[PDB]
Number of protein chains: 2
Amino acid sequence: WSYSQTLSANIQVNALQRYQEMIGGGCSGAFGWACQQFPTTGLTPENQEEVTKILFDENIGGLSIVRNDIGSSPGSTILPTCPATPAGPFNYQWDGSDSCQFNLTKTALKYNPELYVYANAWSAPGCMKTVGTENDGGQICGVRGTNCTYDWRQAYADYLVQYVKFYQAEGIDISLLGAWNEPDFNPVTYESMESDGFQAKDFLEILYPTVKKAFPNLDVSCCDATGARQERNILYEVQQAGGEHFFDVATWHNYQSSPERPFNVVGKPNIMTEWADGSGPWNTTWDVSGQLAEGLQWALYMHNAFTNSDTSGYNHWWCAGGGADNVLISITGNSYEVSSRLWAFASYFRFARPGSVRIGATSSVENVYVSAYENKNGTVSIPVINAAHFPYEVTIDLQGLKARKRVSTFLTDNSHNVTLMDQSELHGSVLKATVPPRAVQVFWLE
Amino acid sequence: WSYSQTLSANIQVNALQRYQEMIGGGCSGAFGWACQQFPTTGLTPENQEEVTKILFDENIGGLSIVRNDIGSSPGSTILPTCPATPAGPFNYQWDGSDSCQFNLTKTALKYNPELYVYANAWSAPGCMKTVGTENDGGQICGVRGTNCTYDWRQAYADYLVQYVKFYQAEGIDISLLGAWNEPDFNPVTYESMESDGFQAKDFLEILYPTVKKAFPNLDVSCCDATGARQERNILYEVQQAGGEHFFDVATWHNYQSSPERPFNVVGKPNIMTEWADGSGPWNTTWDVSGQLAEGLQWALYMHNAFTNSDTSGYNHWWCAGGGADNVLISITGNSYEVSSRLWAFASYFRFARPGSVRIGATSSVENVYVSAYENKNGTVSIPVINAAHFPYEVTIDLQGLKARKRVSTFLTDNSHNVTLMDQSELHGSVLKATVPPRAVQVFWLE
Ligand SMILES: *[C@@H]1O[C@H](CO)[C@@H](O[C@@H]2O[C@H](CO)[C@@H](O[C@@H]3O[C@H](CO[C@H]4O[C@H](CO[C@H]5O[C@H](CO)[C@@H](O)[C@H](O)[C@@H]5O[C@H]5O[C@H](CO)[C@@H](O)[C@H](O)[C@@H]5O)[C@@H](O)[C@H](O[C@H]5O[C@H](CO)[C@@H](O)[C@H](O)[C@@H]5O[C@H]5O[C@H](CO)[C@@H](O)[C@H](O)[C@@H]5O)[C@@H]4O)[C@@H](O)[C@H](O[C@H]4O[C@H](CO)[C@@H](O)[C@H](O)[C@@H]4O[C@H]4O[C@H](CO)[C@@H](O)[C@H](O)[C@@H]4O[C@H]4O[C@H](CO)[C@@H](O)[C@H](O)[C@@H]4O)[C@@H]3O)[C@H](O)[C@H]2NC(C)=O)[C@H](O)[C@H]1NC(C)=O
Ligand SMILES: *[C@@H]1O[C@H](CO)[C@@H](O[C@@H]2O[C@H](CO)[C@@H](O[C@@H]3O[C@H](CO[C@H]4O[C@H](CO[C@H]5O[C@H](CO)[C@@H](O)[C@H](O)[C@@H]5O[C@H]5O[C@H](CO)[C@@H](O)[C@H](O)[C@@H]5O)[C@@H](O)[C@H](O[C@H]5O[C@H](CO)[C@@H](O)[C@H](O)[C@@H]5O)[C@@H]4O)[C@@H](O)[C@H](O[C@H]4O[C@H](CO)[C@@H](O)[C@H](O)[C@@H]4O[C@H]4O[C@H](CO)[C@@H](O)[C@H](O)[C@@H]4O)[C@@H]3O)[C@H](O)[C@H]2NC(C)=O)[C@H](O)[C@H]1NC(C)=O
Ligand SMILES: *[C@@H]1O[C@H](CO)[C@@H](O[C@@H]2O[C@H](CO)[C@@H](O[C@@H]3O[C@H](CO[C@H]4O[C@H](CO)[C@@H](O)[C@H](O[C@H]5O[C@H](CO)[C@@H](O)[C@H](O)[C@@H]5O)[C@@H]4O)[C@@H](O)[C@H](O[C@H]4O[C@H](CO)[C@@H](O)[C@H](O)[C@@H]4O)[C@@H]3O)[C@H](O)[C@H]2NC(C)=O)[C@H](O)[C@H]1NC(C)=O
Ligand SMILES: *[C@@H]1O[C@H](CO)[C@@H](O[C@@H]2O[C@H](CO)[C@@H](O[C@@H]3O[C@H](CO[C@H]4O[C@H](CO)[C@@H](O)[C@H](O)[C@@H]4O)[C@@H](O)[C@H](O[C@H]4O[C@H](CO)[C@@H](O)[C@H](O)[C@@H]4O)[C@@H]3O)[C@H](O)[C@H]2NC(C)=O)[C@H](O)[C@H]1NC(C)=O
Ligand SMILES: *[C@@H]1O[C@H](CO)[C@@H](O[C@@H]2O[C@H](CO)[C@@H](O)[C@H](O)[C@H]2NC(C)=O)[C@H](O)[C@H]1NC(C)=O
Ligand SMILES: *[C@@H]1O[C@H](CO)[C@@H](O[C@@H]2O[C@H](CO)[C@@H](O)[C@H](O)[C@H]2NC(C)=O)[C@H](O)[C@H]1NC(C)=O
Ligand SMILES: *[C@@H]1O[C@H](CO)[C@@H](O)[C@H](O)[C@H]1NC(C)=O
Ligand SMILES: *[C@@H]1O[C@H](CO)[C@@H](O)[C@H](O)[C@H]1NC(C)=O
Ligand SMILES: *[C@@H]1O[C@H](CO)[C@@H](O)[C@H](O)[C@H]1NC(C)=O
Ligand SMILES: *[C@@H]1O[C@H](CO)[C@@H](O)[C@H](O)[C@H]1NC(C)=O
Ligand SMILES: O[C@@H]1[C@@H](O)[C@H](O)OC[C@H]1O
Ligand SMILES: O[C@@H]1[C@@H](O)[C@H](O)OC[C@H]1O
Ligand SMILES: [Cl-]
């Protein structure tokens, strides 16, 4: 809702002030959701392509991250049968599908050659765990606080590297490798595995050098905690255990704690690798209810992560399929719907591409939010969020950008999906525009 | 889960460092939940008393806040029929029950004489709103951005004070008065009412003097937003509209944004007035899953609010009854179960009574959390949270508390509910103790 009133906001953008390098937005097709996106029956191949294009085409959804589950369940793991001991031998199996995640990754790469693939195990194979199953939490055998018949850490590290080798042999490079999902949480009934930071360091000290031997440019994550606080605690313990240099990227989910402060790690980026409305009905609205599932709320949640916790990337939970509101695109039979959450993602990531660097951006109005990003090639994106219920006349002063010639204005609100509104020549270093209520307006500088 | 290893933590508590004055913990019986706590069949009267005692007895749950809905629905409002205009006559009706909230409040007061009653409207009566109904959001007629046939602001302010008058005539002091619930959110199907901060100020400028003339000691809240960020935006706009001194307390919910920083008000306390696990099954565990419903997680959530947003109070959604995990005490027929979330509440509020002041407390270990509270009468509570998965040997150095002579230690974990562990004399200003894993240990100094 909105009403008639106008106020003004002053914004300063400064390319000389430089923060995190951005990675992108994304989503997962784990647990067979990739197969719902690529079912053959129901959704036609043309429509399967179109849904994947909508997500990963730079000009539409703008996403770049595909998060795949390194599966540990029957039919989803590269190690369906374990050897008796870590001495092996190991019989690795690849079916060319990977629960359709290979289809998702290959197709997304077709639409985005800069795809950033995150391969993330939810659990070690059961034989490698204290509980002897991939379900019900438990620990990698061999970390402190365990007493298995053998130490399985090297074997688990080798198994993760073998998963990466399967994708590499198909011509797909993995960018990030993770060994746990939500180690602070035991959901009991599906792939899970628990850890504190001392135990995680006991594994990372074997995983990290094992990975760099095979793939010197493959980054290692820690540790996909359910919330930012839980992630900070694991990071603290990893560093206290001596493992500061046994991971490269801090990963965390937004379910069980949200930050307003950076993470307790020096020289490492962080990615919010999973969040969704896990309980509500499927929802597409931008700003009708004000509920957390809506597109405008997701634009604001991202602004918070990128400006207050220096976050470099952001993932929805699932990409597309069923699961009510856990997807960005709902699929039913041969039909689909796009949530306007995707236009919140695109408002950032259609314009701030991989390798962009967040730069200084301030606003004189508390709920007229701004951030700004400078691509490797010098183009600059300034997503402004007018979270107020009436228009703001913004004045944007540009510093360090005298080389820019043109400005394009894009608008997302209840009647616009990243719509091009205006294109003009820059004839100084000041931009003036009226941003409608409850909207994201992106100023694209070239 | 836990394992065998012991590390040490150094804690410094300084009474010369002072922060917020505490109000307490609490819950609501709104929307008929008070009638589930005091039903006409099922739970016996003796068990109704016992449930309420478990919540509001200082020695058990330790709660002090009862949050009541000033109802606007048929059967639940003091204005069942509206006049055609704001001139009235207003035929108010008081039924002595208030959807059993009178019974809840009266009984809670019997167990806690310092009860802090928060009377909170979810909506104005529909006749005073743009939408003509108490449901479906909409605005108070007369604030900016409305075009109703009449300006109903004074009428709504008089209605709210009349509700207070009915309680005060029955011998119950109301401590806080609120005129919106979640004005950033339209749930459509139940009592609701929308506002930004400019519109809110347009009403508060009427409500506030009306309130203080009738009840000089009655505080006014703003504005029970669904989250901290939404609350900060409304507070910004109220202040921008000139209304900094037309409200006394900042109220907010933890559903749609959680803080790690203070609120944008000077000289006003804040209360987290509503949160719960809104979607999960009934849950009582302390630390089994690591899911946000568990008692340990609530201890940590409260530690965050009290130490990082200087929060003075904290409310569960409902007190007792049905509604799965939305209550602190689940009632089924003539039976009831207590969630260990209540022992997270008690660990703070059994010992930090109303009027206590949070004081300096630091920890040398990131996930050994500490806060500290000094009661008006000089006693001091130090709730320590060992969020690690193994025991910590803590050394607590006390500054500014030479007059303390005795220390009692209380423990909450998977097998203790605020259990008294030890009582010793205080010699020197140094306490030493081992805090078990995944536990809240309270040091009570007298
Ligand atoms: C400051 O401040 C602070 C805070 O506030 C304080 O403190 C506090 O105080 C308060 C007041 O006093 C209190 O309260 C009270 O209480 C009472 C009771 O008591 C009892 O109980 C308790 C508890 O118990 C429990 O717990 C424990 C621990 O753990 C244990 O051990 C036990 O066993 C139990 O347990 C159980 O339960 C639980 C829960 O609770 C659980 O958990 C478990 O498991 C189990 O089950 C206790 O504590 C006590 O004891 C104590 O004390 C005694 C004396 O008495 C002694 O002898 C002992 O020894 C002890 O002490 C020791 O210990 C402790 C701990 O325990 C420590 O702390 C110390 O220090 C020492 O060391 C007992 O046993 C009650 O009763 C009360 O009530 C009342 O009041 C109210 C209000 O307030 C009301 O409402 C009610 O109703 C009543 O009223 C009445 O009374 C009054 C007076 O009293 C009046 O006013 C009125 O009017 C009425 O009157 C009527 O009635 C009467 C009778 O009663 C008659 O007489 C007449 O005539 C008429 O008729 C109250 O509530 C609390 O407690 C406290 N806290 C603490 C923590 O401590 C302080 O003090 C201050 N200080 C200054 C200096 O100021
Ligand atoms: C610095 O970095 C910047 C960031 O990367 C970079 O800007 C971006 O560059 C890339 C790469 O060049 C651009 O992506 C290409 O886009 C081509 C299609 O472009 C046409 O469509 C665009 C989108 O059009 C929609 O949106 C417009 C804006 O709202 C509307 O006006 C349109 O009507 C249309 O709207 C419809 O769709 C919307 C969703 O998209 C929807 O909301 C809306 O409602 C409606 O449904 C237009 O922007 C573009 O128009 C501009 O350019 C034309 C000139 O072509 C002008 O005439 C226009 O006036 C306007 O200025 C076009 O109309 C793709 O074809 C192209 O695909 C190829 O590349 C990808 C990989 O990048 C491959 O996967 C793909 O297969 C293609 O590969 C083929 O070609 C390549 C070589 O091109 C070759 O190597 C390969 O082998 C193969 O043969 C690509 O995706 C991107 O658009 C730019 N973004 C922005 C914001 O500008 C910038 O240039 C860099 N600067 C410098 C100096 O280096
Ligand atoms: C400290 O504080 C804690 C927290 O308040 C106290 O611990 C809690 O106590 C309550 C009782 O006051 C417990 O609830 C009861 O739990 C028992 C045990 O249930 C378990 O074991 C059963 C036997 O093996 C098993 O049947 C149960 O499984 C069924 O139920 C679960 C849960 O509903 C369900 O998921 C399953 O599918 C099964 O259907 C379960 O594994 C239980 O027997 C009790 O049920 C009786 O009462 C209820 C009404 O309350 C009624 O519905 C039943 O029909 C039956 O009549 C009841 O649920 C609770 O589990 C405890 N929680 C924790 C974390 O321990 C503790 O007591 C306090 N300490 C002290 C000293 O007071
Ligand atoms: C910008 O981006 C937004 C968000 O992606 C787009 O808006 C969404 O578009 C989808 C698809 O068109 C909408 O979904 C469809 O909504 C129709 C309207 O439903 C309402 O109204 C009818 C009566 O008019 C009621 O019966 C109904 O209950 C709703 O209240 C539905 O009729 C559609 O249902 C059909 O398809 C589904 C499968 O998806 C079947 O299950 C049904 O049986 C039926 O055949 C469908 O649900 C969605 O509502 C839009 N959301 C919003 C917020 O607008 C914009 O279109 C896009 N802009 C542009 C220009 O492309
Ligand atoms: C999420 O978005 C959906 C649309 O995808 C909203 O759906 C409306 O739901 C109500 C009842 O809940 C229906 O009366 C409307 O017809 C629906 N609209 C459409 C366009 O389908 C839903 O309200 C949104 N939920 C939230 C919490 O914002
Ligand atoms: C919340 O607490 C309840 C106990 O009140 C837990 O209940 C267990 O549920 C499983 C099935 O989900 C049963 O097999 C167990 O027997 C139950 N335990 C008890 C003691 O009843 C529930 O698991 C907890 N949920 C979370 C998320 O922690
Ligand atoms: C998935 O990919 C494989 C190989 O790329 C292909 O053989 C198979 O048909 C694909 N499945 C679907 C549903 O597209
Ligand atoms: C570990 O398990 C083995 C096999 O049961 C047992 O013999 C050994 O004592 C255990 N170690 C410890 C330290 O308990
Ligand atoms: C509410 O309180 C009154 C007395 O104040 C009592 O008579 C009535 O029975 C109570 N109602 C319930 C449901 O307990
Ligand atoms: C207010 O609404 C009425 C119709 O209900 C309309 O006639 C009138 O012009 C409106 N007032 C203004 C100032 O627009
Ligand atoms: O679904 C889980 C949710 O219930 C919990 O709160 O956070 C982690 C999620 O995996
Ligand atoms: O139930 C509501 C929830 O859906 C929303 O997320 O936050 C406010 C709550 O009242
Ligand atoms: Cl927290």
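Residue numbers begin at 1 in each chain, while the letters A, B, ... track the order of the sequences. For ligands, and for the atoms within them, numbers begin at 1 and follow the listed sequence.
Under 4.0 Å is where a charged nitrogen must lie from a carboxylate oxygen, and between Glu366(B) and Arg229(A) no such pair does. The residues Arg358(B) and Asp310(B) are annotated as salt-bridged, a charged nitrogen and a carboxylate oxygen being separated by less than 4.0 angstrom.
Closer than 4.0 angstrom to ligand 8 lie heavy atoms from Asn147(A). Using a 4.0 Å heavy-atom criterion, the residues that approach ligand 6 are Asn283(B), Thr284(B), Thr285(B), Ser289(B), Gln291(B), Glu294(B).
Remark: aromatic rings of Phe349(B) and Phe306(B) are close, center separation under 6.0 Å. Between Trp298(A) and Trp275(A), the distance separating the two ring centers is shorter than 6.0 angstrom. Taking the centre of each ring, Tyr373(B) and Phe351(B) stay at or above the 6.0 Å mark. Ring to ring, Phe263(B) and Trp252(B) are close: their centroids are under 6.0 angstrom apart. Taking the six-membered ring for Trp and the full ring otherwise, the centers of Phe390(B) and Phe198(A) sit less than 6.0 Å from each other.
One finds the CG atom of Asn304(A) at 11.5 Å from the CE atom of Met302(A) (value rounded to the nearest 0.5 Å).
At a cut-off of 3.5 Å, with distance as the only test, a side-chain donor of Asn283(B) or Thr285(B) sits close to an acceptor on the other residue.
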